[PDB]
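Taking it in order: structure first as structure tokens, then the write-up.
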Amino acid sequence: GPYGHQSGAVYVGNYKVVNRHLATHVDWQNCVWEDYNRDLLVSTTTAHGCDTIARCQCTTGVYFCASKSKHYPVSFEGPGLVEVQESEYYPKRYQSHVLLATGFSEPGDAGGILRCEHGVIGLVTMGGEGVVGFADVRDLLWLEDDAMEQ
Ligand SMILES: [Zn+2]
């Protein structure tokens, strides 16, 4: 039957951070932290994760695309508060700690998680007419080892 695999979230050790609109009743049931402005929350799990978050701030990284189903290297900025337009299933609200990346085409809306050569940055937050909004996990790394530059 099935074949394609996907996580749609970031599993870190005994803490799993996923998008609020993507979290399940179980995520909130055992949720330790949750930032509305970041639309992200952290829940505890028994099974160790398989992802390593990067503690870097490189302006260049690679994001995953659902349409392309491939990894896309793109440069982005880490704007604090970004007003997300009412799209998909979210109302025009303010989001904190979101990184945006302007692609070079029309496609590119959602995907998975934004990872850098050092580690994991964040998950797909909101998107624009040609930009990629990602919720950085650099504001709540308390989950596992962090990536450094030294
Ligand atoms: Zn990096």
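Identifiers in the structure tokens: chain A, B, ... in order shown; residue index from 1 per chain; ligand index from 1 in order shown.
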Item to check | Test item, strand (DSSP E or B) assignment across range 18-141 of chain A, answer as a PyMOL selection string | outcome: chain A and resi 18-19+31-35+40-44+53-54+60-65+71-77+81-84+87+90+93-96+98-102+111+113-115+120-127+131-136
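Residue neighbourhood of residue 55 in chain A, excluding near-sequence residues (fewer than 5 positions): residues 146, 147 and 148 of chain A, at 6 Å, using only C-alpha atoms.
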So, counting only C-alpha atoms, which residue among A:62, A:113, A:121, A:135 is closest to residue 37 in chain A?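 Ranking A:62, A:113, A:121, A:135 by distance to residue 37 in chain A, first place goes to A:135.
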Write as a PDB file with C-alpha atoms, in the first residue's frame the residues around ligand 1, taking 9 Å as the cut-off and counting only C-alpha atoms and all ligand atoms.
ATOM      1  CA  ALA A  54      21.676  23.168  14.921  1.00  0.00           C
ATOM      2  CA  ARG A  55      22.660  26.015  17.236  1.00  0.00           C
ATOM      3  CA  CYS A  56      23.880  28.014  14.240  1.00  0.00           C
ATOM      4  CA  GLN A  57      22.425  31.110  12.584  1.00  0.00           C
ATOM      5  CA  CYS A  58      23.625  30.578   9.008  1.00  0.00           C
ATOM      6  CA  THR A  59      21.661  32.718   6.558  1.00  0.00           C
ATOM      7  CA  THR A  60      21.884  29.811   4.101  1.00  0.00           C
ATOM      8  CA  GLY A  61      20.163  26.462   4.548  1.00  0.00           C
ATOM      9  CA  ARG A 115      17.797  21.903   8.333  1.00  0.00           C
ATOM     10  CA  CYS A 116      21.259  23.456   8.013  1.00  0.00           C
ATOM     11  CA  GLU A 117      24.615  21.777   7.371  1.00  0.00           C
ATOM     12  CA  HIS A 118      25.004  22.018  11.155  1.00  0.00           C
ATOM     13  CA  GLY A 119      21.610  20.626  12.176  1.00  0.00           C
ATOM     14  CA  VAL A 120      17.902  21.433  12.440  1.00  0.00           C
ATOM     15  CA  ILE A 121      16.539  24.985  12.313  1.00  0.00           C
ATOM     16  CA  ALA A 147      25.410  22.136  17.112  1.00  0.00           C
ATOM     17  CA  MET A 148      28.306  24.589  17.365  1.00  0.00           C
ATOM     18  CA  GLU A 149      30.784  26.220  14.981  1.00  0.00           C
TER      19      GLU A 149
END
May I have a table of the residues of range 27-139 of chain A lying at most 6 Å from range 9-20 of chain A, giving each one's closest pair of atoms and their distance in Å to one decimal, counting only C-alpha atoms, ordered by chain and ascending residue number, as CSV?
residue,atom,partner,partner_atom,distance
A:39,CA,A:20,CA,4.9
A:40,CA,A:19,CA,4.6
A:41,CA,A:17,CA,5.3
A:42,CA,A:17,CA,4.3
A:43,CA,A:16,CA,5.1
A:44,CA,A:15,CA,4.5
A:45,CA,A:14,CA,5.0
A:48,CA,A:13,CA,4.7
A:49,CA,A:13,CA,4.6
A:51,CA,A:12,CA,5.8
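Compared by their closest atoms to residue 139 in chain A, and using only C-alpha atoms, the residues A:96, A:83, A:3, A:52 rank with A:96 nearest.
Here the question is which of A:75, A:67, A:150, A:46 gets nearest to residue 106 in chain A using only C-alpha atoms, and that residue is A:67.
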Closest to residue 38 in chain A among A:111, A:128, A:103, A:80, using only C-alpha atoms?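 Using only C-alpha atoms, residue 38 in chain A sits closest to A:80.
With distances taken over only C-alpha atoms, A:8 is the one residue among A:8, A:2, A:108, A:122 lying closest to residue 22 in chain A.
Here CA of residue 131 in chain A is placed at a distance of 14.6 Å from CA of residue 66 in chain A.
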Here CA of residue 33 in chain A and CA of residue 94 in chain A stand apart by 18.8 Å
